[PDB]
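What follows is a set of notes on a single structure, which appears directly below.
Cβ sites come from the backbone with ideal geometry, for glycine too, and all protein chains shown count toward neighbours. Numbers and lists here come from the model and the stated rules, or from a named source; no laboratory instrument gave them.
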Amino acid sequence: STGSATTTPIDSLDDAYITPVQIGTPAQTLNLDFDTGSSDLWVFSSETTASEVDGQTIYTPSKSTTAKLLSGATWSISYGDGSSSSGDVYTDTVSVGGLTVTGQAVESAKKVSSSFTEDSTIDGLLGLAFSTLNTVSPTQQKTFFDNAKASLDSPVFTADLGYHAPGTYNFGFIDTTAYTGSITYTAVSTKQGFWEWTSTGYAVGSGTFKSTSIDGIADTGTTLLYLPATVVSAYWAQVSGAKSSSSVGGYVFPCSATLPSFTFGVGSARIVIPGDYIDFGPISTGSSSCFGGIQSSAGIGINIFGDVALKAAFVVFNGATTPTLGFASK
(Lines give C-alpha, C1' and ligand atoms only; values in the text may rest on other atoms or scores of the structure.)
Protein backbone atom coordinates (compact mmCIF):
# COMPACT_ATOMS: atom_id res chain seq x y z
CA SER A 1 0.00 0.00 0.00
CA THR A 2 0.89 3.68 -0.29
CA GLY A 3 -0.56 7.01 0.81
CA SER A 4 -0.07 10.58 -0.45
CA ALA A 5 -1.41 13.73 1.26
CA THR A 6 -0.92 17.45 0.66
CA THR A 7 0.50 19.51 3.52
CA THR A 8 -0.44 23.23 3.64
CA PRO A 9 1.24 26.11 5.53
CA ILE A 10 -0.98 27.45 8.34
CA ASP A 11 -0.04 31.11 7.57
CA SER A 12 1.96 33.37 5.24
CA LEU A 13 5.24 32.67 7.15
CA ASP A 14 5.14 28.80 6.98
CA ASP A 15 4.99 28.73 10.80
CA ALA A 16 3.75 25.12 10.55
CA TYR A 17 2.10 22.80 8.05
CA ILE A 18 -1.20 20.92 8.39
CA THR A 19 -2.23 17.72 6.68
CA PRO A 20 -5.80 16.34 6.64
CA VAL A 21 -6.23 13.01 8.48
CA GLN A 22 -9.37 10.83 8.52
CA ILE A 23 -10.22 9.39 11.97
CA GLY A 24 -13.09 7.04 12.77
CA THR A 25 -16.20 5.67 11.01
CA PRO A 26 -17.76 7.66 9.44
CA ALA A 27 -14.57 9.66 8.85
CA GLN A 28 -13.89 12.73 10.97
CA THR A 29 -11.28 14.83 9.12
CA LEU A 30 -8.86 16.74 11.36
CA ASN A 31 -5.91 18.89 10.22
CA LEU A 32 -2.81 17.60 12.03
CA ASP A 33 0.74 18.83 12.32
CA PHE A 34 2.97 15.95 11.12
CA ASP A 35 5.94 16.01 13.49
CA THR A 36 9.08 13.90 12.83
CA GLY A 37 10.34 15.11 16.23
CA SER A 38 7.68 13.38 18.39
CA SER A 39 5.77 10.11 18.56
CA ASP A 40 2.22 10.78 19.75
CA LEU A 41 -0.87 11.13 17.56
CA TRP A 42 -3.09 13.38 19.67
CA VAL A 43 -6.17 15.40 18.84
CA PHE A 44 -8.48 18.05 20.14
CA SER A 45 -11.59 16.13 21.13
CA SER A 46 -15.05 16.13 22.72
CA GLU A 47 -13.13 15.52 25.98
CA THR A 48 -10.97 18.69 25.71
CA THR A 49 -11.72 21.27 28.46
CA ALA A 50 -14.22 23.58 26.71
CA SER A 51 -12.32 26.84 27.62
CA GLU A 52 -9.17 25.34 25.89
CA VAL A 53 -10.92 24.89 22.51
CA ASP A 54 -11.05 28.01 20.25
CA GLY A 55 -11.94 27.13 16.67
CA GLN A 56 -10.23 23.71 16.28
CA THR A 57 -12.09 20.77 14.76
CA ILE A 58 -12.57 18.05 17.41
CA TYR A 59 -12.60 14.28 17.31
CA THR A 60 -15.75 12.84 18.99
CA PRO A 61 -15.08 9.15 19.68
CA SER A 62 -18.71 8.47 20.66
CA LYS A 63 -19.68 9.23 16.99
CA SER A 64 -17.21 6.67 15.60
CA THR A 65 -18.47 3.08 15.35
CA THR A 66 -14.85 1.85 15.25
CA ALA A 67 -13.58 3.81 18.30
CA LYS A 68 -12.67 1.73 21.41
CA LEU A 69 -11.45 3.21 24.74
CA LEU A 70 -7.94 1.91 25.45
CA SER A 71 -8.81 1.16 29.07
CA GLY A 72 -6.51 2.67 31.66
CA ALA A 73 -4.21 4.36 29.16
CA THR A 74 -3.18 8.00 29.62
CA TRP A 75 -0.69 10.28 27.95
CA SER A 76 1.09 13.53 28.70
CA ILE A 77 3.63 15.36 26.56
CA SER A 78 5.80 18.46 26.86
CA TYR A 79 7.42 19.90 23.73
CA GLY A 80 10.74 21.79 23.26
CA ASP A 81 8.82 25.14 22.94
CA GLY A 82 7.20 24.78 26.44
CA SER A 83 3.75 23.67 25.15
CA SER A 84 1.98 20.59 26.47
CA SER A 85 -1.10 18.40 26.30
CA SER A 86 -2.48 15.32 28.03
CA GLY A 87 -5.48 13.00 28.12
CA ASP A 88 -6.77 9.49 27.55
CA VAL A 89 -6.58 7.11 24.57
CA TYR A 90 -8.86 5.44 22.02
CA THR A 91 -8.00 3.05 19.25
CA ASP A 92 -9.65 3.83 15.89
CA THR A 93 -9.17 3.66 12.13
CA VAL A 94 -6.84 6.41 10.84
CA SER A 95 -6.24 7.19 7.16
CA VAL A 96 -3.68 9.53 5.61
CA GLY A 97 -3.80 10.20 1.88
CA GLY A 98 -5.58 6.86 1.18
CA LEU A 99 -3.35 4.73 3.50
CA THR A 100 -5.43 3.18 6.34
CA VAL A 101 -4.31 1.82 9.73
CA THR A 102 -6.79 -0.04 11.91
CA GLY A 103 -6.36 0.01 15.69
CA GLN A 104 -4.23 3.21 15.73
CA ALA A 105 -3.84 4.80 19.13
CA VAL A 106 -5.61 8.21 18.97
CA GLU A 107 -4.67 10.19 22.04
CA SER A 108 -7.68 12.38 23.02
CA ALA A 109 -6.71 15.64 24.76
CA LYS A 110 -8.38 16.50 28.04
CA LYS A 111 -5.95 19.44 28.52
CA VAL A 112 -3.90 21.55 26.10
CA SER A 113 -1.58 24.50 26.88
CA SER A 114 -2.40 28.04 25.77
CA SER A 115 -0.25 27.96 22.57
CA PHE A 116 -2.42 25.06 21.23
CA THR A 117 -5.69 26.80 22.16
CA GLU A 118 -4.51 30.03 20.49
CA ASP A 119 -3.75 28.25 17.18
CA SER A 120 -7.18 27.52 15.64
CA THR A 121 -5.59 25.94 12.51
CA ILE A 122 -3.93 22.90 14.21
CA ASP A 123 -6.32 20.17 15.40
CA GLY A 124 -3.54 17.99 16.86
CA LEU A 125 -0.21 16.33 16.07
CA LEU A 126 0.76 13.16 14.23
CA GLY A 127 4.14 12.02 15.45
CA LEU A 128 6.61 10.41 13.06
CA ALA A 129 9.68 9.97 15.29
CA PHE A 130 10.48 6.50 16.68
CA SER A 131 7.83 4.79 18.84
CA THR A 132 10.26 4.62 21.82
CA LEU A 133 9.27 8.30 22.47
CA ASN A 134 5.51 7.64 22.62
CA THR A 135 4.17 8.84 26.00
CA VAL A 136 1.16 6.46 26.46
CA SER A 137 1.21 4.71 29.87
CA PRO A 138 1.15 1.99 31.00
CA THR A 139 1.38 0.41 27.53
CA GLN A 140 3.43 2.47 25.05
CA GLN A 141 1.79 2.80 21.60
CA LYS A 142 3.13 2.78 18.04
CA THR A 143 3.20 5.69 15.58
CA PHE A 144 1.03 5.68 12.48
CA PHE A 145 4.16 4.96 10.39
CA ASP A 146 5.25 2.09 12.60
CA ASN A 147 1.70 0.54 12.37
CA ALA A 148 1.59 1.06 8.55
CA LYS A 149 5.18 -0.02 7.84
CA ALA A 150 4.75 -3.74 7.19
CA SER A 151 1.84 -3.03 4.72
CA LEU A 152 3.72 -0.37 2.73
CA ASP A 153 5.30 -1.10 -0.66
CA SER A 154 8.61 0.24 0.82
CA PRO A 155 9.14 1.07 4.56
CA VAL A 156 9.60 4.82 3.96
CA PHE A 157 7.84 8.14 4.08
CA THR A 158 8.94 11.37 2.41
CA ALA A 159 8.57 15.04 3.32
CA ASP A 160 8.38 17.58 0.52
CA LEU A 161 7.54 20.87 2.24
CA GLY A 162 6.80 23.97 0.20
CA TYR A 163 8.14 27.52 0.64
CA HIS A 164 5.07 29.67 1.02
CA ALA A 165 3.16 26.90 -0.81
CA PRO A 166 1.66 23.46 -0.21
CA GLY A 167 3.81 20.30 -0.34
CA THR A 168 3.43 16.58 0.08
CA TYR A 169 3.82 13.72 2.55
CA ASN A 170 4.08 10.32 0.84
CA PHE A 171 4.05 6.94 2.55
CA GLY A 172 5.49 3.75 1.05
CA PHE A 173 7.10 5.09 -2.14
CA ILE A 174 9.67 7.63 -3.39
CA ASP A 175 8.23 9.94 -6.12
CA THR A 176 11.18 10.17 -8.54
CA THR A 177 9.51 13.19 -10.24
CA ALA A 178 9.57 15.27 -7.05
CA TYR A 179 13.35 16.04 -6.87
CA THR A 180 16.35 16.89 -9.10
CA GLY A 181 19.63 14.96 -9.28
CA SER A 182 20.14 12.07 -6.85
CA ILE A 183 19.12 11.38 -3.24
CA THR A 184 22.11 11.27 -0.87
CA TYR A 185 21.52 8.90 2.05
CA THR A 186 23.13 9.41 5.49
CA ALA A 187 23.25 7.40 8.70
CA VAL A 188 20.69 7.79 11.48
CA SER A 189 21.09 7.21 15.22
CA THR A 190 17.82 6.22 16.94
CA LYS A 191 19.40 6.35 20.43
CA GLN A 192 17.40 9.48 21.45
CA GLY A 193 14.25 8.35 19.48
CA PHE A 194 14.79 10.99 16.76
CA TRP A 195 15.79 10.99 13.10
CA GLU A 196 19.28 12.06 14.24
CA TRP A 197 22.03 12.47 11.69
CA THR A 198 25.32 14.33 11.10
CA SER A 199 25.65 17.09 8.54
CA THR A 200 29.06 17.45 6.99
CA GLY A 201 29.28 21.26 7.19
CA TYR A 202 27.94 24.53 5.96
CA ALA A 203 28.50 27.62 3.83
CA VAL A 204 27.06 31.13 4.10
CA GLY A 205 26.04 32.74 0.81
CA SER A 206 28.73 32.39 -1.85
CA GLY A 207 31.38 31.68 0.85
CA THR A 208 33.62 28.68 1.10
CA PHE A 209 32.20 25.49 2.54
CA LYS A 210 33.35 24.71 6.13
CA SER A 211 33.75 20.95 6.67
CA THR A 212 32.57 20.26 10.23
CA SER A 213 30.32 17.57 11.77
CA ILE A 214 26.95 18.93 13.01
CA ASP A 215 24.81 16.34 14.77
CA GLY A 216 21.09 17.17 14.71
CA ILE A 217 17.56 15.96 14.09
CA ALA A 218 15.32 16.19 11.04
CA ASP A 219 12.18 17.70 12.64
CA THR A 220 9.16 18.70 10.53
CA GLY A 221 7.38 19.94 13.66
CA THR A 222 9.99 22.68 14.35
CA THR A 223 9.66 25.84 12.25
CA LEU A 224 13.25 27.13 12.27
CA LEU A 225 16.85 25.87 11.79
CA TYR A 226 18.64 25.69 15.17
CA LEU A 227 22.48 25.30 14.90
CA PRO A 228 25.50 25.87 17.07
CA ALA A 229 26.16 29.46 18.09
CA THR A 230 29.42 29.60 16.07
CA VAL A 231 27.59 28.69 12.83
CA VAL A 232 24.67 31.05 13.53
CA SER A 233 27.02 33.97 14.34
CA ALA A 234 28.89 33.35 11.09
CA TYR A 235 25.58 33.54 9.14
CA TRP A 236 24.22 36.71 10.76
CA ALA A 237 27.60 38.49 10.53
CA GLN A 238 26.91 38.64 6.76
CA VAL A 239 23.71 40.71 7.32
CA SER A 240 24.25 44.43 8.09
CA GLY A 241 22.52 45.41 11.29
CA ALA A 242 21.63 41.84 12.40
CA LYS A 243 21.97 41.19 16.13
CA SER A 244 20.95 38.71 18.79
CA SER A 245 18.16 40.29 20.88
CA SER A 246 17.63 38.88 24.40
CA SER A 247 14.31 40.83 24.56
CA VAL A 248 12.95 39.26 21.33
CA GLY A 249 14.59 35.84 21.99
CA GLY A 250 16.99 35.42 19.06
CA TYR A 251 18.59 37.00 16.04
CA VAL A 252 16.71 39.83 14.36
CA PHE A 253 17.67 41.76 11.25
CA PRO A 254 16.54 44.89 9.38
CA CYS A 255 13.52 44.18 7.28
CA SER A 256 15.32 46.15 4.48
CA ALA A 257 18.05 43.46 4.22
CA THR A 258 18.53 40.94 1.44
CA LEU A 259 19.50 37.68 3.25
CA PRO A 260 22.27 35.37 2.02
CA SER A 261 21.59 31.70 1.35
CA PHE A 262 22.72 28.99 3.77
CA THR A 263 24.13 25.67 2.55
CA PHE A 264 24.32 22.48 4.63
CA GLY A 265 26.19 19.29 3.77
CA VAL A 266 24.73 15.81 3.44
CA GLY A 267 27.71 13.56 2.84
CA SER A 268 29.43 15.03 -0.24
CA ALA A 269 26.14 16.66 -1.36
CA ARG A 270 24.91 20.17 -0.59
CA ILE A 271 21.41 21.55 0.14
CA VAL A 272 21.02 25.29 -0.45
CA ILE A 273 18.47 27.21 1.61
CA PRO A 274 17.67 30.46 -0.29
CA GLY A 275 17.90 33.64 1.76
CA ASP A 276 14.20 34.31 1.45
CA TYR A 277 13.47 31.09 3.38
CA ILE A 278 15.28 32.61 6.41
CA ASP A 279 12.94 35.69 6.68
CA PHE A 280 10.20 35.26 9.32
CA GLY A 281 8.94 38.82 9.01
CA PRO A 282 8.40 41.66 11.44
CA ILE A 283 8.79 40.84 15.16
CA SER A 284 5.45 42.72 15.75
CA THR A 285 3.03 44.19 13.29
CA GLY A 286 4.55 47.26 11.61
CA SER A 287 8.07 46.75 13.01
CA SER A 288 11.11 47.19 10.77
CA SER A 289 12.95 44.48 12.80
CA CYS A 290 12.48 40.99 11.30
CA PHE A 291 12.92 37.63 12.98
CA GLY A 292 15.57 35.28 11.61
CA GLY A 293 14.98 31.73 10.51
CA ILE A 294 18.40 30.48 11.62
CA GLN A 295 18.79 30.58 15.44
CA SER A 296 21.20 29.23 18.04
CA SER A 297 20.59 25.78 19.52
CA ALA A 298 22.54 26.78 22.66
CA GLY A 299 20.45 25.81 25.71
CA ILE A 300 18.18 23.47 23.67
CA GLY A 301 20.73 20.61 23.94
CA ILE A 302 20.36 19.47 20.28
CA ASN A 303 20.64 20.96 16.80
CA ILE A 304 17.35 20.94 14.89
CA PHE A 305 16.99 20.83 11.11
CA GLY A 306 13.43 22.19 11.16
CA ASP A 307 11.23 23.34 8.33
CA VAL A 308 13.57 26.16 7.16
CA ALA A 309 16.10 23.49 6.21
CA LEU A 310 13.76 20.62 5.27
CA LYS A 311 11.63 22.71 2.88
CA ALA A 312 14.78 23.27 0.72
CA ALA A 313 14.97 19.47 0.11
CA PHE A 314 13.10 16.34 -0.77
CA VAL A 315 13.61 14.28 2.41
CA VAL A 316 13.37 10.49 2.70
CA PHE A 317 12.71 8.98 6.12
CA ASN A 318 13.83 5.39 5.52
CA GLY A 319 12.36 3.08 8.19
CA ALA A 320 14.23 -0.07 7.09
CA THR A 321 15.67 -2.29 9.86
CA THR A 322 18.66 0.12 9.89
CA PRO A 323 17.00 3.51 9.35
CA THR A 324 18.63 6.19 7.18
CA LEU A 325 17.75 9.70 5.92
CA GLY A 326 17.91 10.81 2.30
CA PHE A 327 18.16 14.39 0.98
CA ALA A 328 17.77 15.62 -2.59
CA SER A 329 17.62 19.09 -4.12
CA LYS A 330 14.35 20.00 -5.81
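Yes or no: residue 178 in a loop (DSSP other than H, G, I, E, B), aliphatic (A, V, I, L, M), out of contact with any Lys or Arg (no Cβ under 6 Å at 6 or more places or on another chain) and under 26 Å from residue 34 (Cα atoms)?
When the stated conditions are applied, residue 178 passes them.
Can you say whether residue 29 is over 19 Å from the mean Cα position of the chain (by Cα) and either assigned to a loop (DSSP other than H, G, I, E, B) or within 24 Å of residue 140 (Cα to Cα) (or both), as far as the supplied structure shows?
no
Every residue, every condition in (1) part of a strand (DSSP E or B); (2) free of Cβ contacts under 8 Å to residues at least 60 places away in the same chain; (3) among the charged types (D, E, K, R); (4) out of contact with any strand residue (DSSP E or B) (no Cβ under 7 Å at 6 or more places or on another chain), yes or no:
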site	(1), (2), (3), (4)
271	yes, yes, no, no
284	no, yes, no, yes
287	no, yes, no, yes
298	no, no, no, yes
301	no, yes, no, yes
321	no, yes, no, yes
325	yes, no, no, no
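Please verify whether residue 171 is touching a residue at least 12 places away in the same chain (Cβ under 8 Å), touching a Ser or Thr at 6+ places or on another chain (Cβ under 8 Å) and closer than 19 Å to residue 318 by Cα, treating the condition exactly as stated. Before the answer, list the steps.
Working: touching a residue at least 12 places away in the same chain (Cβ under 8 Å): yes; touching a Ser or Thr at 6+ places or on another chain (Cβ under 8 Å): yes; closer than 19 Å to residue 318 by Cα: yes.
Answer is yes for this residue.
Against the conditions (1) among the hydrophobic types (A, V, I, L, M, F, W, C); (2) under 30 Å from residue 54 (Cβ atoms); (3) assigned to a strand (DSSP E or B), where does residue 129 fall short? Just the number, please.
Result: residue 129 passes all but (3).
Give the range 170-192 a look and list any residue that's surrounded by 20 or more Cβ atoms within 10 Å (Cβ to Cβ) and more than 16 Å from residue 327 (Cβ to Cβ), or say none.
171, 172
Could you pull out the residue among 85, 108, 38, 12 that is part of a loop (DSSP other than H, G, I, E, B), within 27 Å of residue 138 (Cβ to Cβ) and in contact (Cβ under 8 Å) with a residue 40 or more places away in the chain?
Testing whether each residue is part of a loop (DSSP other than H, G, I, E, B), within 27 Å of residue 138 (Cβ to Cβ) and in contact (Cβ under 8 Å) with a residue 40 or more places away in the chain leaves just 38.
Return yes or no: is residue 275 within 30 Å of residue 183 (Cα to Cα), surrounded by fewer than 14 Cβ atoms within 10 Å (Cβ to Cβ) and touching a residue at least 12 places away in the same chain (Cβ under 8 Å)?
In short, no.
For residues that are part of a strand (DSSP E or B) and out of contact with any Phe, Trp or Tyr (no Cβ under 6 Å at 6 or more places or on another chain), tally how many sit in the range 273-282. Walk me through it before giving the result.
Taking the range 273-282 and keeping what is part of a strand (DSSP E or B), we get 273, 279-282.
Now restrict to residues that are out of contact with any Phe, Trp or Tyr (no Cβ under 6 Å at 6 or more places or on another chain): 279, 281-282.
Counting residues in the range 273-282 that are part of a strand (DSSP E or B) and out of contact with any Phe, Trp or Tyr (no Cβ under 6 Å at 6 or more places or on another chain) gives 3.
Name every residue in the range 280-330 that is crowded, with 17+ Cβ neighbours inside 10 Å, in contact with a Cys (Cβ under 6 Å, 6 or more places away or on another chain) and either assigned by CATH to the domain that holds residue 15 or small (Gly, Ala, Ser) (or both), in order of residue number.
Scanning the range 280-330 gives no hits.
Checking residue 242 against (1) within 30 Å of residue 182 (Cα to Cα); (2) over 24 Å from the mean Cα position of the chain (by Cα), which test does it fail?
(1)
Tally the residues that are assigned to a loop (DSSP other than H, G, I, E, B) and under 20 Å from the mean Cα position of the chain (by Cα), restricting the search to the range 184-227.
Residues in the range 184-227 being assigned to a loop (DSSP other than H, G, I, E, B) and under 20 Å from the mean Cα position of the chain (by Cα): 13 in total.
Residues in the range 242-259 that are more than 14 Å from residue 295 (Cβ to Cβ) and in a loop (DSSP other than H, G, I, E, B): how many?
Residues meeting the conditions: 5.
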